[PDB]
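Positions of Cβ are generated from backbone atoms using ideal geometry, with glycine treated the same way; all protein chains shown enter the neighbour counts. The values are calculated or read from the model by the stated rules, or taken from the named source; none is laboratory data.
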Amino acid sequence: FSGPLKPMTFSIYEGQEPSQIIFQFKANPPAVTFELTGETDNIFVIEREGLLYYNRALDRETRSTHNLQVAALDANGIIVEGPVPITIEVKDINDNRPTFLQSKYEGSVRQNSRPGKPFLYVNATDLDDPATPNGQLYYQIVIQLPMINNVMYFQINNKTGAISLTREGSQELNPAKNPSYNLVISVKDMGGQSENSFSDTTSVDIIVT
Amino acid sequence: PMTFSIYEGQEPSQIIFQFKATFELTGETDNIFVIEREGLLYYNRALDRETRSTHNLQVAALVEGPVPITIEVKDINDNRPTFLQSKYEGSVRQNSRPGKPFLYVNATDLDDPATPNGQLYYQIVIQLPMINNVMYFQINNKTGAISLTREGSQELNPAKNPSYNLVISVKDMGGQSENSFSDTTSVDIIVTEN
Ligand SMILES: [Ca+2]
Ligand SMILES: [Ca+2]
Ligand SMILES: [Ca+2]
Ligand SMILES: [Ca+2]
Ligand SMILES: [Ca+2]
Ligand SMILES: [Ca+2]
């Protein structure tokens, strides 16, 4: 938990209240005191003894990296050593629900449209880290109304939110029989893979032409 | 003490983690997980959730550990759902209440049932005989509970036709086409008198 002044990177989970110092910098005479600059945000502090710490739980969605610099000073306040870059990587936790860009979508599809060919897109946004499951979204049709004998007329690309006819929907959609369908779409984060995830829903009304 | 979540059925394309200190790895390594002498931790071929879903590893410094390193093996759809029977023999009373089950068909899926990979969707593929394209039978697409329709309750008549065959399908990925496996099974149903 101590060592020379040099470029270093520390990884700290957002939402963790501090319990111990991050690091102690040691610098031989003529290193008197230490100075901390950069994206301190009144969170990151260095003491005279070279003790580096953070004073409150971070939030990746306020700042996802804190670019700091540490320098060793002498008696006259004059830089002796560094300034060196000290990087804080604020590790993501799943603390944001995914939200649909619309609570209601209005679409239309032609009667004999190709199966798999998109005619509408639903999208959601998640403020968590997209390089992690926390920010990786999975789209599902949860309801089709009306639905005949459990045959799905519509399918959604689970990654992209692209809504297209199924094989059966291509074959069966007939505006005279039924001019419109309502889909309820879910989105989950954690890539749709957990129970331990957040979810949103939207409604899509679709006219058959 | 760290957790890493690695999909099964992927050839390693990245290291798991570089520890900064000599390191020893112990625990459920299964000659797949390796740590270099200087703490580069990595896996040397594709995991299989259905062989081992968590790998409980320990990393020690040589003094500092051992620490539990947990590998959560994330599921992919690599198992077809299967019915518990290839043939079911059912019986339903004439005028039985619509929607009241009289038979269950079941499937199991070796993939994770907390994911779409293990999430099954039951359908009636075909009712024989069928009159005028009217379904006498319905199935609960979550449970595989088979019951009469309103039409079936009103029409089934063992004097006119005492037996029907259903072909039932089960799909995983919650029954959507793309990336899903499927099984089918036969149900013979006798209609008894009221
Ligand atoms: Ca946050
Ligand atoms: Ca999220
Ligand atoms: Ca977050
Ligand atoms: Ca497997
Ligand atoms: Ca499966
Ligand atoms: Ca699997």
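Is it the case that the stretch A:151-163 has a residue that's within 11 Å of another protein chain (Cβ to nearest Cβ), over 27 Å from the mean Cα position of the chain (by Cα) and surrounded by fewer than 18 Cβ atoms within 10 Å (Cβ to Cβ)? Among the residues of the stretch A:151-163, at least one is within 11 Å of another protein chain (Cβ to nearest Cβ), over 27 Å from the mean Cα position of the chain (by Cα) and surrounded by fewer than 18 Cβ atoms within 10 Å (Cβ to Cβ), which makes the answer yes. Just one residue in the set B:75, B:109, B:183 is away from chain A (no Cβ under 14 Å), touching a helix residue (DSSP H, G or I) at 6+ places or on another chain (Cβ under 7 Å) and of a type in the set (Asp, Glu); that residue is B:109. Just one residue in the set B:41, B:62, B:84 is touching a strand residue (DSSP E or B) at 6+ places or on another chain (Cβ under 8 Å) and assigned by CATH to the domain that holds residue B:118; that residue is B:84. Restricting attention to the stretch B:60-72, the residues being within 14 Å of chain A (Cβ to nearest Cβ) and not in a strand (DSSP E or B) number 1.
Among the residues of the stretch B:79-107, the one identified as among the hydroxyl-bearing types (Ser, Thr, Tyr), surrounded by 18 or more Cβ atoms within 10 Å (Cβ to Cβ) and in a strand (DSSP E or B) is B:88. For the stretch B:162-193, filtering for residues that are under 30 Å from residue A:163 (Cβ atoms), in contact with a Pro (Cβ under 6 Å, 6 or more places away or on another chain) and in a strand (DSSP E or B) leaves 2. Right, residue B:8: away from ligand 2 (no atom under 16 Å from the Cβ), within 14 Å of chain A (Cβ to nearest Cβ) and more than 30 Å from residue B:157 (Cα to Cα) or not? When the stated conditions are applied, residue B:8 passes them.
Among the residues examined, residue A:10 qualifies as part of a strand (DSSP E or B), closer than 27 Å to residue B:3 by Cα and more than 16 Å from ligand 3 (Cβ to nearest atom). Assess whether residue B:56 counts as being away from chain A (no Cβ under 14 Å), more than 16 Å from ligand 4 (Cβ to nearest atom) and assigned to a loop (DSSP other than H, G, I, E, B). Taking the combined requirement at face value, the residue does not satisfy it. Restricting the stretch B:58-77 to residues that are of a type in the set (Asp, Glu) and closer than 30 Å to residue B:118 by Cα, the residue that is surrounded by the most Cβ atoms within 10 Å (Cβ to Cβ) is B:75. Among the conditions (1) loosely packed, with under 15 Cβ neighbours inside 10 Å; (2) away from ligand 6 (no atom under 16 Å from the Cβ), residue B:121 misses just one, which is (1).
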